[PDB]
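# Observations on the three-dimensional arrangement
Here is how the chains run, residue by residue.
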Amino acid sequence: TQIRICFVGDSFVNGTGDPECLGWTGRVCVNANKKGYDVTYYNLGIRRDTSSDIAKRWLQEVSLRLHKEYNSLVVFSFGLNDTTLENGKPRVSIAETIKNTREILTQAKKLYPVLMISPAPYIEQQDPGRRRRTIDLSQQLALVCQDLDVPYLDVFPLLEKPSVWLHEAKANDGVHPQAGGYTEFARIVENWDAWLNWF
Amino acid sequence: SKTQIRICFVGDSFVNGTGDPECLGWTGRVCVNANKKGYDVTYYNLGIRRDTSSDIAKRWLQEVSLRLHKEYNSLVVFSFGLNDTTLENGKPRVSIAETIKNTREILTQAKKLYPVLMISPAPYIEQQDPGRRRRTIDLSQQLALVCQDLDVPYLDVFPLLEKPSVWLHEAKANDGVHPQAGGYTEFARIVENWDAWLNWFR
């Protein structure tokens, strides 16, 4: 089969940090290809994207890739950057994050089969509050996803130490892991029933 | 320490890397090569299957503007035109005059904002359209002229990807159009060795 997949999200969807230039998204597509699927891989991750940034752009971008392509899938992963602190406040408030996510997922599912994947871990010396804010936000994402019958993958627990994810990020730029980290992410997705449902 | 760069590749299936089971295309491969040569690349693939120069003209500015910035090392690379020349109901999807107009508009706007490179169409042999190769070469020559008029570097991969390159062999053995890892690796090698790619900032 010939599925077209759009991956929409932030740096972690882009695979920022991976010298192999695949991210997790490229790797799960390579693996679907080995299983005899014939995947068209559309990565639409953008560095620094919040839910607000995604809400503004996703439809006009995704629609051009999936126009009259009746075998298609859209995978969203965002939220990390919403909670980044600027001038002591989140880039996007939690109310806005929820609003944004509902709006994005509600419209998306009317057009395409949709999946959502949680924020992945990020440790930041100056912001010891980030982990807690991220987990609280993730639970809000899961509630939205539950209301909308959108499968939600929580990758956070399985990418925390002892995973290489946070170690590779710390050695790199503090934020983005490399090939080993993205490989671990891809394997979580490859084991997700909602993903396996397609492949 | 590594030189950071963000690169948007804008075009059609051949930019997407359609057919490459490794999910890199030539674009991912040249980025991997840059990473080995001292860069730290943010790789933005913005290829779309079936895209013509008109599709590109309409979307490129808003998509690239979200991914590149004057504040950091940025590069946009365009490669398109094959789909313009596809015959639908007996005529090109996009007329040669329109391809030229679109290309001038795209490149003129782009070069004002970011470092830019253009790469020619790549070979496609289509049994029901014997005319395709000549139309493609004629189109490529017009793209080259626009690029020369605008001081935009143009890479002509076309003659280098015809036989004995594996490009067309892999394409025929697959879906008639899209090559696989071998062919995209050949394409990457040409780009990697291009002076303008090496000197993208010039």
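Looking at the entry header, you'll see X-ray crystallography listed as the method and 2.02 Å as the resolution.

The name given to chain B in the PDB entry is Putative lipase from the G-D-S-L family, with the source organism recorded as Nostoc sp.. Listed as the entry title in the PDB record is "CRYSTAL STRUCTURE OF a GDSL-like lipase (ALR1529) FROM NOSTOC SP. PCC 7120 AT 2.02 A RESOLUTION".

Labelled according to the PDB entry, chain A appears under the name Putative lipase from the G-D-S-L family, originating from Nostoc sp..

## Re the overall build of chain B
In terms of helices and strands, chain B carries 9 helices and 7 strands. In terms of overall dimensions, chain B has C-alpha extents of about 50 × 35 × 25 Å along its principal axes. Counting only contacts in chain B whose residues sit at least 6 apart along the sequence, the fraction spanning at least 24 positions is 76%.

## Description of the interface of chain A and chain B
Across the contact, 24 residues belong to chain A and 25 residues belong to chain B. It is A:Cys21, A:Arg47 and A:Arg65 in chain A that bury the most area against chain B; as a group they hold 27% of the surface buried on that side. Run the count over chain A and chain B and you get 2 salt bridges. Residue B:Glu63 is joined to A:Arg65 by a salt bridge in which the shortest nitrogen-to-oxygen separation is 2.8 Å. Summed over the shared surface of chain A and chain B, the number is 9 residue pairs in polar contact.

## Remarks on the packing of aromatic side chains
Residues and elements named next belong to chain A. Going through the model one piece at a time under the given rule, you end up with 20 aromatic pairs over all chains. Ring centres 4.6 Å apart and planes at 5 degrees place the aromatic pair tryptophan 24 and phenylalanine 185 in the stacked group. Taken together, the positions of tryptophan 24 in helix α2 (residues 23-34) and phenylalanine 185 in helix α8 (residues 179-190) put the pair 161 residues apart, joining distant regions of the chain. By relative accessible area, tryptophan 24 is classed as buried at 1%. Its relative accessible area of 1% is what places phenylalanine 185 among the buried residues.

## Here's the deal with the sheet that holds strand β3 (residues 72-77) of chain A
All names here are of chain A. A sheet is described by the order of its strands in space; here 5 strands give the open sequence β2-β1-β3-β6-β7, paired in parallel fashion. Of all the strands in the sheet, just β2 (40-45) and β7 (152-153) have a single pairing partner and so form its edges. Strand direction decides the pairing type here: β3 and strand β6 (residues 114-117), joined by 3 bridges, are parallel. Opposite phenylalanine 76, over in β6, you have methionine 116 as the bridge partner.

## Quick notes on the sheet that holds strand β1 (residues 3-11) of chain B
Residue and element names in this part refer to chain B. A sheet is described by the order of its strands in space; here 5 strands give the open sequence β2-β1-β3-β6-β7, paired in parallel fashion. Looking at which strands have only one partner, the edges of the open sheet turn out to be β2 (39-47) and β7 (154-155). Along the sheet face, helix α2 (residues 25-36) touches β1, β2, β3 (74-79) and β6 (116-119) and points at about 170 degrees away from the line of β2.

## Thoughts on the environment of B:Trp194
Residues and elements named next belong to chain B. Inspection of the secondary structure puts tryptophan 194 in the loop between α8 (181-192) and α9 (195-198). Given a relative accessible area of 12%, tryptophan 194 falls into the buried group. In this structure the C-alpha to C-alpha distance between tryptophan 194 and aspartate 51, which are 143 residues apart in sequence, comes to 25 Å. Setting aside residues no more than four positions away along its own chain, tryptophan 194 makes contact with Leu117, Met118, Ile119, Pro153, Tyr154 and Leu155.

## Details of the pairing of β2(A)
Residue and element names in this part refer to chain A. Along β2, 6 of the 6 residues are buried, which leaves the element largely enclosed by surrounding structure. Burial of the side chains of β2 extends over both faces: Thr40, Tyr42 and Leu44 are buried on one face and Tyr41, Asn43 and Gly45 on the other. Both strand β1 (residues 4-9) and β2 contribute to a ladder of 6 bridges, which runs parallel. In the sheet register, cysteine 6 faces β2, and the bridge partner there is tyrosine 42.

## A closer look at helix α5 (residues 132-150) of chain B
All names here are of chain B. Helix length check: α5, at 19 residues, gives a terminal C-alpha distance of 27 Å against a target of 27 Å (1.5 Å per residue), a fit within 8%. The complete set of buried residues in α5 reads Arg132, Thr136, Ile137, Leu139, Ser140, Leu143, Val146, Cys147 and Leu150. Against α4 (96-111), β6, β7 and α6 (158-161) lie the buried residues of α5. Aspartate 151, located one to two residues past α5, shows a positive phi value of around 55 degrees.

## Focus: the environment of A:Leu105
Residues and elements named next belong to chain A. You can see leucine 105 is positioned in helix α4 (residues 94-111). Each C-alpha atom of the pair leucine 105 and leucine 115 lies 8.9 Å from the other, and the pair is 10 residues apart in sequence. Not counting the four nearest positions on each side in its chain, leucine 105 is found in contact with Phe76, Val114, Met116, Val144, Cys145 and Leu148.

## Digging into the environment of A:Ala120
All names here are of chain A. Summarising the element assignment, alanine 120 is placed in the loop between β6 and α5 (130-147). Spatially, the C-alpha atoms of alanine 120 and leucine 22 are 17 Å apart, while their sequence positions differ by 98 residues. The contact partners of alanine 120, leaving out residues within four places of it in the chain, are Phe12, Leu80, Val155, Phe156, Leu159, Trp165 and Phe185.

What counts, and at which threshold
- Residues numbered from 1 in each chain as written, not as in the entry; some residues may be left out.
- Chains lettered and ligands numbered in written order.
- Heavy atoms only, no water.
- Residues with missing side-chain atoms left out of burial classes, pairs and counts.
- Helix = DSSP H or I, 4+ residues; strand = E, 2+ residues; numbered from the N terminus.
- Contact = heavy atoms within 4.5 Å.
- Buried area = accessible area lost by both parts, 1.4 Å probe.
- Salt bridge = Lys/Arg side-chain N within 4 Å of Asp/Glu carboxyl O.
- Polar contact = N/O pair within 3.5 Å; in protein donor to acceptor, adjacent residues only side chain to side chain.
- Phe/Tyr/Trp six-rings, centres within 6.5 Å; stacked < 30°, edge-to-face > 60°.
- Buried < 20%, exposed > 50% of the residue type's maximum accessible area, 1.4 Å probe, protein only.
- Pairing = 2+ DSSP bridges.
- Axes fitted to C-alpha atoms, helices over the stretch in contact; angles between N-to-C directions.
- Expected span 1.5 Å × (residues − 1).

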